[PDB]
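As a starting point, one isolated chain is supplied in structure tokens, in the form deposited in one PDB entry.
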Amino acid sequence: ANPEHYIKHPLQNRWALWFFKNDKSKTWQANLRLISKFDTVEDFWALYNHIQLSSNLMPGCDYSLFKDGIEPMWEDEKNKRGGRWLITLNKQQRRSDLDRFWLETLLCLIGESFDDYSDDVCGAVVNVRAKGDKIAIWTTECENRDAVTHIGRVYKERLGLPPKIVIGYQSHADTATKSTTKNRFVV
């Protein structure tokens, strides 16, 4: 039997998709829910095609895609010393860019797009918010300047962002202890 004709295409990592819905009745951790996991190309698309586009979520929702075993929270062992490359969208870009950026971000993750530094990647998060949406790739160590910088440059190019745009990298330790947070790095 030729495996090319019937086997699914395994991804390098198993990934977990999480959903968050704002409910002021509950703690933030209590609002976070794991949706399902996948570790093949075919199961990724089955999941993606089943769920709402980010642009159709009510305000205050997040999606997070993280490597299996890493919860999408600062407190996780693999995030607490890490940080994130932040894409900040204005209100008009929810129409133009939110969904295509998020899908490109998903592919950067599952397709292992950062060469040897894809091991520093933990996951990605999209925040759907009335004041402006955000997409971010989370990495495991905010001090690994080489890995962080490589991921930032590849990511910015893969999104198609012009050089008129600067994106910033922020430590979670800064984000947790704080409206805005300083950048450690920019590309």
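Position 1 is the first residue in the sequence shown; the rest follow in order. The term rigid core refers to the maximal set of C-alpha atoms that superpose within 1.5 Å between the two forms.
Keep in mind that the form solved in complex with a partner chain is missing from the display, and what follows is about it.
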query	finding
Interface stretch in the deposited bound form with its partner chain - options 124-132, 138-146, 40-48, 22-30, non-hydrogen atom within 4.5 Å	40-48
Interface membership of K164, its partner chain in the deposited bound form, 4.5 Å heavy atom rule	no
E77: touches its partner chain in the deposited bound form, heavy atom cutoff 4.5 angstroms	no
Exercise: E112 in contact with its partner chain in the deposited bound form, heavy atom 4.5 Å	yes
Exercise: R158 in contact with its partner chain in the deposited bound form, heavy atom 4.5 Å	yes
Core-aligned C-alpha movement of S96 between this form and the one not shown reaching 2 Å	yes
Change in CA distance between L161 and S96 in the deposited bound form, which is 3 Å or more, as closer or farther	farther
